[PDB]
Engineer: 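Structure below; questions to follow.
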Amino acid sequence: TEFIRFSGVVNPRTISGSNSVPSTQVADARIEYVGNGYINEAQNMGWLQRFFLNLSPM
Amino acid sequence: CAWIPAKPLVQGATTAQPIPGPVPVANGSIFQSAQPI
Amino acid sequence: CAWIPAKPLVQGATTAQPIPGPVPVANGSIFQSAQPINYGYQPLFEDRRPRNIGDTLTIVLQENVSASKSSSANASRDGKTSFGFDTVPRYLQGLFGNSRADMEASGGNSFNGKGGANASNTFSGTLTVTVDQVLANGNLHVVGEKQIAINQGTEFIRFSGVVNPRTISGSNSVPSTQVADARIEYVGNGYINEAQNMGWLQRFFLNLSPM
Amino acid sequence: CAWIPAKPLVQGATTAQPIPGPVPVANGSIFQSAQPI
Amino acid sequence: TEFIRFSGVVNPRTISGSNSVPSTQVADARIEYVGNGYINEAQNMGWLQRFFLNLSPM
Amino acid sequence: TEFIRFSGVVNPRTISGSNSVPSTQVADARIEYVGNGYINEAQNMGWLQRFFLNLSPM
């Protein structure tokens, strides 16, 4: 399952005639595109590898 | 790692319910305006 | 396996018998109408739109989302230094003889990090849904499900969302990108679907292995 | 794994039954309007 | 997660007819483009390597 | 983080119609372009190498 979430503030005069506004005209734009399932877990680092990436000398 | 609870970027409800319109006034006009701002 | 009793996708009778017509009235008219079922006022020139609960609407599922990001950083430092007195004059011997000041050093430092991510999804199809609620502003909540069974499995396409009436076209169609709270699902069952599930041990390792 | 019960993305009924129309008023007009919103 | 932050001071007469102004017309422009997650941690030097880069003789 | 700092004295009649003046028309022009982070520390000589560059016989 994939989730696309959007939030922001829109000026009414930036909305086009077809009730559309580009995402670059939204003030506090919060855009999120995430997923779950084993596909999403396959894109997470292992805990040991994350620990090393954060605490290894090099 | 992927099972750790997280707070999403867009918090709160992602939808809003329309509020039912104000009761029209009994003046003989079809044009009824909501409380102006 | 193939002898196990199963319930078909389309249950019940697959045919209907016509009901014999009502007895004509003895009034002197050939025109006899069956018991009418009034469907209310219907506009003549307005485009056919869903208006009430139970009305149908065609959703053209056309989704194309693609996001990507990448970054990198690097830093480097190389330093070499040397000094040598091959031949030292006599008056300098006490300060530079016996290779007292000859020296040579080198050093290096390197770093290169990078990272990135990307996601995409596409969806193409057509599904007819039904209006199950009319909101206070006239927007219609729509839900729909299509079940197809071909040979050795069953697939389900489910859709839900909220549709603005003015976005519906003249042919009673609206693209899926104009639906506010669009929930789109495309799943299946049968051994084809179980062949696309990770084994429990492999899932356990993917979630708990150190690397 | 595939036999574990799950809640679908689209929960609830996926169809709606039409509600039978209001009884027409005995005023001498063919035009009958449902309760306006 | 990536964050793009902007701050500054804008002259009203530099704003175009489409409510846009280039970033080179903003007086005290503060522009930031950062991120988090293991992608961002993979672009940080190890503590030992940073210590050497700052304190090594060469 | 990178910093670009500018200071100087501008003649009003050298400013163009688009509220712009080239940097070569500013009297006491002080221009600075610096940065920090490990990228900037990687461009600093080691203390021993600087000591040798300043005090070595050759």
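A, B, ... follow the sequence lines: proteins, then strands. Residue 1 opens every chain. The basis for the numbers below is simple: all heavy atoms, side chains too, and nothing from hydrogens, waters or symmetry mates.
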Engineer: Heavy-atom distance under 4.5 Å between the side chains of C:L9 and C:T154, does that happen here?
Structural biologist: yes
Engineer: Between C:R100 and C:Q93 (side chain of the first, backbone of the second, donor and acceptor by atom type, cut-off under 3.5 Å), is there such a pair?
Structural biologist: yes
Engineer: Is there side-chain contact between C:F111 and C:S76, with at least one heavy-atom pair below 4.5 Å?
Structural biologist: no
Engineer: Let me confirm one number: the CD-CG distance from A:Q49 to A:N44, rounded to the nearest 0.5 Å.
Structural biologist: 11.5 Å
Engineer: Near E:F51 CZ, under 6.0 Å, is it more than 12 heavy atoms from other residues, nucleotides or ligands?
Structural biologist: no
Engineer: Kindly compute the distance separating CG (C:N74) from OG (C:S110), expressed to the nearest 0.5 Å.
Structural biologist: 8.0 Å
Engineer: If we only count heavy atoms from C-beta on, is the C:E63 to C:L61 side-chain gap below 4.5 Å?
Structural biologist: no
Engineer: Go through the steps for A:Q25 and A:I15 under the test side-chain contact (heavy atoms from CB on, under 4.5 Å), then give the verdict.
Structural biologist: CA-CA 9 Å; A:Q25 315 277 316; A:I15 300 157; over 6 Å; no
Engineer: If you look at every heavy atom in C:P165 and C:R49, which pair is closest and at what distance?
Structural biologist: O-NE, 3.3 Å
Engineer: What's the separation between atom OG in C:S106 and atom CG in C:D78, rounded to the nearest 0.5 Å?
Structural biologist: 7.0 Å
Engineer: Should we say atom CH2 of D:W3 is surrounded by more than 12 heavy atoms from elsewhere, each under 6.0 Å from it?
Structural biologist: no
Engineer: Can you tell me how far the CG atom of C:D132 sits from the CD atom of D:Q17, to the nearest 0.5 Å?
Structural biologist: 12.5 Å
Engineer: Looking at D:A16 and C:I53, what are the two nearest heavy atoms and their distance?
Structural biologist: CB-CG2, 3.9 Å
Engineer: If we only count heavy atoms from C-beta on, is the B:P8 to A:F3 side-chain gap below 4.5 Å?
Structural biologist: no
Engineer: Do the non-hydrogen side-chain atoms of C:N109 and E:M45 ever get within less than 4.5 Å of each other?
Structural biologist: yes
Engineer: Looking only at heavy atoms, which two atoms of C:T177 and C:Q62 are closest? And how far apart?
Structural biologist: CG2-O, 3.3 Å
Engineer: Can you name the nearest heavy-atom pair linking D:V10 to C:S160, along with the distance?
Structural biologist: CG1-CB, 3.6 Å
Engineer: Does atom CZ (A:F52) have a neighbourhood of more than 12 heavy atoms from anything else shown, all under 6.0 Å?
Structural biologist: no
Engineer: Tell me if a side-chain donor or acceptor on C:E155 pairs with a main-chain N or O of C:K146 at a distance below 3.5 Å.
Structural biologist: no
Engineer: Near E:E32 CD, under 6.0 Å, is it more than 12 heavy atoms from other residues, nucleotides or ligands?
Structural biologist: yes
Engineer: Just by distance, do the side chain of F:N36 and the backbone of F:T1 share a donor-acceptor pair under 3.5 Å?
Structural biologist: yes
Engineer: For F:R50, look at atom CZ and say whether over 12 heavy atoms of other residues, nucleotides or ligands are found less than 6.0 Å away.
Structural biologist: no
Engineer: Side chain of C:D102, backbone of C:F85: donor and acceptor closer than 3.5 Å?
Structural biologist: yes
Engineer: Do you see a donor-acceptor pair shorter than 3.5 Å between the side chains of C:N139 and C:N164?
Structural biologist: yes
Engineer: Do the non-hydrogen side-chain atoms of C:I59 and C:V179 ever get within less than 4.5 Å of each other?
Structural biologist: yes
Engineer: Might you confirm whether atom CZ of F:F6 has over 12 heavy atoms from other residues, nucleotides or ligands at distances under 6.0 Å?
Structural biologist: yes
Engineer: Answer whether the closest heavy-atom distance between the side chains of A:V34 and A:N40 falls below 4.5 Å.
Structural biologist: no
Engineer: Step by step, would you call C:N121 with A:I4 a side-chain contact (heavy atoms from CB on, under 4.5 Å)?
Structural biologist: CA-CA 11 Å; C:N121 79 81; A:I4 301 107; 4.1 Å; yes
Engineer: Within this structure, what is the CE-OG distance for the pair C:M103 and C:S82, rounded to the nearest 0.5 Å?
Structural biologist: 6.0 Å
Engineer: I'd like to know whether C:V129 forms a side-chain contact (heavy atoms from CB on, under 4.5 Å) with C:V143, so could you lay out the CA-CA distance, the side-chain angles of the two residues, the decisive distance to 0.1 Å, and finally the verdict.
Structural biologist: CA-CA 5 Å; C:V129 302; C:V143 286; 5.9 Å; no
Engineer: Give the C-alpha distance, both sets of side-chain angles, the deciding distance and a yes or no for side-chain contact (heavy atoms from CB on, under 4.5 Å) between C:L57 and C:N172.
Structural biologist: CA-CA 6 Å; C:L57 168 67; C:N172 204 41; 3.8 Å; yes
Engineer: Got D:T15 and C:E145 here, is their nearest side-chain heavy-atom distance under 4.5 Å?
Structural biologist: no
Engineer: Are the side chain of F:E2 and the backbone N or O of F:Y33 linked by a donor-acceptor pair below 3.5 Å?
Structural biologist: no
Engineer: Any carboxylate oxygen within less than 4.0 angstrom of a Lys/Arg side-chain nitrogen, looking at C:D181 and C:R183?
Structural biologist: yes
Engineer: Is it the case that over 12 heavy atoms from other parts of the model lie below 6.0 angstrom from the NZ atom of C:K80?
Structural biologist: yes
Engineer: Assess whether atom CG of F:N54 is packed by more than 12 heavy atoms of other residues, nucleotides or ligands within 6.0 Å.
Structural biologist: yes
Engineer: To check you understand the geometry: which heavy-atom pair defines the closest contact between C:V60 and C:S173, and what is its length?
Structural biologist: CG2-OG, 3.2 Å
Engineer: Could you tell me whether the side chain of C:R77 and the main chain of E:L53 form a donor-acceptor pair under 3.5 Å?
Structural biologist: yes
Engineer: Between E:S23 and E:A29, which heavy-atom pair has the shortest distance, and what is it?
Structural biologist: O-CB, 4.4 Å
Engineer: What distance separates C:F156 CZ from C:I148 CD1, expressed to the nearest 0.5 Å?
Structural biologist: 11.0 Å
